[PDB]
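Only one chain is shown below, in structure tokens, and it's the form deposited in one PDB entry.
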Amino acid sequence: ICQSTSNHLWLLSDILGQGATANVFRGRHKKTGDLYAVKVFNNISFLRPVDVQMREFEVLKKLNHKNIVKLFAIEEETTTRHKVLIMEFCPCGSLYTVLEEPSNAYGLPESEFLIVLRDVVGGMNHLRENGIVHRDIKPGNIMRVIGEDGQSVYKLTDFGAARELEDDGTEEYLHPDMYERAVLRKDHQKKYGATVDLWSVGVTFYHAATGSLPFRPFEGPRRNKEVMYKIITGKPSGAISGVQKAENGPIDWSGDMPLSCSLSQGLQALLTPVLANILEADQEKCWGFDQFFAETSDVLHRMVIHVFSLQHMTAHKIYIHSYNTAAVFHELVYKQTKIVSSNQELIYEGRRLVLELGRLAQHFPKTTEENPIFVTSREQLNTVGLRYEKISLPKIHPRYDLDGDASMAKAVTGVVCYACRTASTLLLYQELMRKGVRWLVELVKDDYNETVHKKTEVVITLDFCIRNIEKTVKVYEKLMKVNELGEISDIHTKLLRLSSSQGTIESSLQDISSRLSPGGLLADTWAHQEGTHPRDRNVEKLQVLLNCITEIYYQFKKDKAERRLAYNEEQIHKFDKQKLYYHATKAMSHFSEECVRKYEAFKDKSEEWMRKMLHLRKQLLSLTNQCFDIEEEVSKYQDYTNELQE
């Protein structure tokens, strides 16, 4: 059973989005066999002239952009003659489809979010610079296509259909006050349309970023409209999220992102301000478009430099503007890591990194987040570590309920997913920690060697001075046997008094070097005994359990779509439910008792090694400065004056 046009055809089973004013199906071009999404305008629609439809056709074909779904044709159903719209097929689904994956239960991965921002604001810009302003933007009408390079492109749809077939042909029978309601409607195109879309856009961004809606009552926005209405309008500026955690409880207020959100500290820091005034409901403090575009463009144009604080044990994504200096870079690294520019010490691929007041970020060392710029202070601060939300498994209702079971499975799958992500990140922190530590000890060894070079360099100077004064005193006490032994003995005594200090440093250094040998004291062997390793394969164990859980979830989903099951099918469903319980509980017990525990042991040791290393560094600097002091003090003895002769 299929519908058709001149050049297209589609099965009724091949339905897609399914709207009210129309429907969208997966169809094919009958000549090529290519795939297109067709939009049949249900069973009302057409009584409108061909002129308007062709001018709208024409104005809609000018829409040739990356972030807008292409409109290939306007056509007519064969045996029904009600309009169909030939548009681009997007096999991946929409942003809503992406968000419904339990892997994105707590927000999209950062790169994907950046892509979403870029795309949505792009389609918005291209839409506004031409005709039509997109009234409402949601995940539902933001389609996803996979580009030729593998990474997604998001496209705006549903904007031309601004048809007003609602009201309540009851037009010519209405009481004047329904017309006054229509007055209350038409006051929106004034300005509440060039700033009213931005609300939906902001809510969308928050949804994709956190994996949750910004404003949610006790058990759902729609499932309770009153307190929803009461929390939406009653919200003050700066606040980006209001949550009613309790039944008839109040509201939790936050101008920051949820702890569950794993978006980088920098991106988040650049994102919360835009969400603040895009979520306002009064006047010019709601920015308006142009400033929102300028700002979002500013954010999206930036390049990221990955830096890792070995002191706080924290990873960092620095959002620098590529064309801006290294000064503002140090000020950013400061802004996140609370260590001021002068204190900052950089490491890259086993060696120091040194840059100046105005080295632009373009020529900066290319950083991934497995090989970033390590950064350390000199000012003894505590470790901080990963900041994640501690999400526990929801209770698995001892029951039978295909819908409730599907939802529960979704929840559990999402939680276990967050667990895997967290474990992976923790392993990464431990790895970057180990490598960074090894580089740091190697580097301290470098500084040591340089110091020794200096010390010996001044020791040969002291030596030549002393044995030269002895040479002269000897070849004079024998030649002109006569005596001023006072002066030469004084300065000789001075040189010896320096030699003593030299000996002191020469032993103290062998001490400092002894505690950089394998032996112990400051060996990095703790990093080999503490924490978790890739060889432990905990991430992939968690991943196996997650795969089982996900299997059971998809099965429960199809069971839900089955409405009700057969006998054996039902029993299998229950068996699988308890199996899901065991998988989940096992996974989380492994996360806690194996990942977090050993991780925190590692972190603690890392603190109780960072203190040691910083101490030794202070010492080494101290006696290096000692060596310089000695050098310049000995430099005063190379051309000492002599008595005037006859």
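If you superpose the two forms and keep the largest set of C-alpha atoms that fall within 1.5 Å, you have the rigid core. The first residue of the shown sequence is 1; numbering continues from there.
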What does the record say about the segment between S392 and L393: how many deposited residues are without coordinates (none, 1 to 3, 4 to 9, 10 or more)? none
Using the PDB record, quantify the missing residues of the deposited sequence between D168 and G169 as none, 1 to 3, 4 to 9, or 10 or more. 4 to 9
Comparing 202-210 with 187-195, which has the greater mean CA B-factor as deposited? 187-195
Regarding 228-236 and 310-318, which shows the higher C-alpha temperature factor on average in the entry? 228-236
Between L522, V121, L156, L275, where does the Cα B-factor run highest in the record? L522
Residue selected from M178, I305, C261, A269 by maximal Cα B factor: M178
Ranked against its chain, the third holding the CA B-factor of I512: middle
In terms of the chain's CA B-factor thirds, is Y400 lowest, middle or highest? middle
On the chain's distribution of Cα B-factors, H330 falls within the third called middle
Considering every modelled residue of the chain and its Cα B-factor in the PDB entry, is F218 in the lowest, middle or highest third? highest
On the chain's distribution of Cα B-factors, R434 falls within the third called lowest
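Just so you know, the form solved in complex with a partner chain exists too; it's not on screen, but the next bit is about it.
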Which residue, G519, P236, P398, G486, has a heavy atom that falls within 4.5 Å of the partner chain in the entry with it bound? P398
Only hit among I572, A294, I132, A561 for heavy atom within 4.5 Å of the partner chain in the entry with it bound is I572
If you check in the entry with it bound, is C627 within 4.5 Å of the partner chain, heavy atoms only? no
Even though the partner isn't displayed, in the entry with it bound is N568 close enough to the partner chain, meaning a heavy atom within 4.5 Å? yes
Does any heavy atom of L623 come within 4.5 Å of a heavy atom of the partner chain in the entry with it bound? no
Could you tell me if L9 has a non-hydrogen atom within 4.5 Å of the partner chain in the entry with it bound? yes
If contact means any heavy atom within 4.5 Å, which of 26-34, 608-616, 595-603, 57-65 contacts the partner chain in the entry with it bound? 26-34
From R48, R597, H615, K70, residue displaced between this form and the one not shown - CA threshold 2 Å or more, rigid core: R48
Core-aligned C-alpha movement of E349 between this form and the one not shown, 2 Å or more: no
Align both forms on the core first, then report whether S489 has a C-alpha shift of 2 Å or more between this form and the one not shown. yes
How about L184 - superposed on the rigid core, does its CA move between this form and the one not shown by 2 Å or more? yes
